[PDB]
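Atom set for the values below is all heavy atoms of this structure, side chains included, hydrogens, waters and symmetry mates excluded. Indexing begins at 1, ligand by ligand and atom by atom, following the structure's order. The first residue of the sequence shown is numbered 1, and numbering continues consecutively from there.
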Amino acid sequence: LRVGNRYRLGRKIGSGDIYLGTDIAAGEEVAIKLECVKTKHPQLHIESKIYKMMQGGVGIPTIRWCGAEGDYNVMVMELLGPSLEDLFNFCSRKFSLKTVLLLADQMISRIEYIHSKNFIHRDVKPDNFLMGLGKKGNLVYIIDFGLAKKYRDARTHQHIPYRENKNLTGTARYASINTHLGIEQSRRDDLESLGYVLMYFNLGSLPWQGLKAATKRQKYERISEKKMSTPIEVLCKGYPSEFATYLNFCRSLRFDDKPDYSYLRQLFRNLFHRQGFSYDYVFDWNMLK
Ligand SMILES: Fc1ccc(-c2ncn(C3CCCCC3)c2-c2ccnc3[nH]ccc23)cc1
C-alpha cells in the first residue's frame with residue numbers, strides 16, 4: 001500500500017504496530033509505525049513531536065516522514081536492527097564484561113542527550129535500545145518516547161515540582177526505588193534504571209525477577225520490597241566494584257540534581273583500560289560465525 005508518496009508498506013515487524021517498508025524512491029528499507037485515527041488514547045503524534053525535538057543527536061533514529069493515510073496516522077524511520085534484549089537472547093543471556101562496558105558508554109551518552117533536550121525517558125530497559133545496521137552497526141540507538149515527560153521548562157530551565165503518590169508507569173524490573181515509593185521521576189531515575197540494566201546483562205537476570213503473586217499490584221509491591229531489601233554490595237557481588245559505585249552514586253542524587261554523566265562514563269572507561277580492552281566496537285554477537 002502507498003503510504004506517503006514514496007513508501008511501500010510491508011509485513012509487521014512486532015510491537016501501534018511496527019512494519020517493514022521500503023522507501024521506493026531512495027531504494028532503502030524503513031520502519032513504519034501506524035496508529036488508528038480513532039483510538040481512545042491517541043499517542044503517536046505526541047511521540048513524533050518528541051522524536052522531532054531529539055533529531056540530529058547521535059543514536060536518535062531519523063524521521064523520514066510523518067502524516068496520515070486512510071485509517072491511520074503514520075511515522076516512518078530509517079530501519080534499525082535488533083534490540084539489546086533480542087541480541088541478549090541470541091547470546092544465551094550472557095554478555096562479556098567488554099560488551100557490557102561498550103554498551104554502558106554509549107547508553108549513558110543517549111540518556112544524557114535526551115536530558116539535554118529537557119525530557120526524561122522513564123522506560124530505560126534493554127528493549128528500547130537498538131543496534132544500527134550496515135555502516136551504523138557499532139552504534140547503540142534509543143527508541144520509544146511514549147512514556148517521556150518534560151522535567152524542566154525549555155526556556156526557564158525550571159525543574160518540575162517534587163510530587164508524591166504516583167503510579168508505576170514503566171517497567172517494574174528496572175524501576176528506581178524512588179519510583180516504587182511513588183515519587184516523581186527525574187534525571188537520576190533514568191540513570192539508576194540503566195544501572196539495573198547493566199547488572200542484568202552481567203547476571204543473566206535480576207534477583208527480584210520472576211516473583212509469583214496473585215495480582216499485578218501485589219507483584220509490584222513484591223519487587224519494590226525485594227529491591228529495597230537487597231543491598232547494592234549483594235546485587236553486585238562478584239563483579240567489578242564500578243557497577244556498585246555507579247548505583248550508589250545514582251541513589252545519592254537529589255531530585256533536581258544534574259548528574260555528573262562524565263564521571264559515570266569515566267568510571268567504566270577506567271575499568272575498561274585496566275582490563276586492557278580496546279574501543280574497537282567488536283561486541284560478542286560480532287564474533288558469531
Ligand atoms: F517511526 C517508528 C517506527 C518504528 C518504531 C519502532 N517501535 C518499536 N520498534 C522495534 C520493533 C522490533 C522489536 C524492537 C522494537 C521500532 C523499530 C523497528 C525497526 N527499526 C526501527 N527504527 C526506528 C524504530 C524502529 C518506532 C517509531
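When the heavy atoms of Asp17, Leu34, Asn128, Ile18 are ranked by distance to atom 6 (C) of ligand 1, first place goes to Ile18.
For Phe95 and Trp285, the ring centers are positioned less than 6.0 Å apart. Here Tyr162 and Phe255 bring their ring centres to under 6.0 angstrom of each other.
Distances below 4.0 Å separate heavy atoms of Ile13 from the following atoms of ligand 1: 11 (C), 12 (C).
Note: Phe243 and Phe268 have tilted aromatic rings, judged against thresholds of 30 and 60 degrees for the angle between ring planes. A tilted orientation is assigned to the rings of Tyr200 and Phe88, their planes being inclined by 30° to 60°. Using cut-offs of 30° and 60° for the angle between ring planes, the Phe277 and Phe272 rings count as perpendicular.
For ligand 1, none of its N or O atoms has an N or O atom of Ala31 under 3.5 Å away. For the pair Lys33 and ligand 1, the shortest N or O to N or O distance does not fall below 3.5 Å.
Not close to ligand 1: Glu47, with no non-hydrogen atom less than 4.0 angstrom away.
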